[PDB]
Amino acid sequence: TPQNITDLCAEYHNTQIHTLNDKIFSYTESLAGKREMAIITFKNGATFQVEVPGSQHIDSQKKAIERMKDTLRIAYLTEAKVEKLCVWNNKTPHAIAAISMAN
């Protein structure tokens, strides 16, 4: 398995690493039907989503989508610095695939 988020990200098509080294500036979450998702922003304006679960996802990803929204919420409320995000860049906002947190 990959040793880090950069190596993990490179295993997939349509991805890119974003290097933030900053806390989350805003956290949004919705329960509206067909938009059950989260959206975060950083102070520079860069915006990211956790996608609504769909036909593009395999079953194993469902629990991990729920965990990512948990992660983002707590990271936001603790002001944790996000180091990098691995995202799919074939969506807007870019869709989070993975996150790294470091000091």
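When you see a residue number, it is the position in the sequence shown, counting from 1.
Higher average CA B factor in the deposited record is what I'm after, so tell me if that's 49 to 57 or 65 to 73.
Between 49 to 57 and 65 to 73, it is 49 to 57.
Mean C-alpha B-factor higher for 1 to 9, or for 94 to 102?
Averaged over C-alpha atoms, the B-factors run higher in 1 to 9.
Looking at the temperature factor on the CA atom of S26, which third of the chain's modelled residues does it land in?
Tercile = middle for this residue's CA B-factor.
Hey, what third does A80 fall into on Cα B-factor, ranked over its chain?
Middle third of the chain for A80's C-alpha B-factor.
By its CA B factor, does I17 count among the lowest, middle or highest third of the modelled residues in the chain?
Middle third - that is where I17 ends up once the chain's C-alpha B-factors are sorted.
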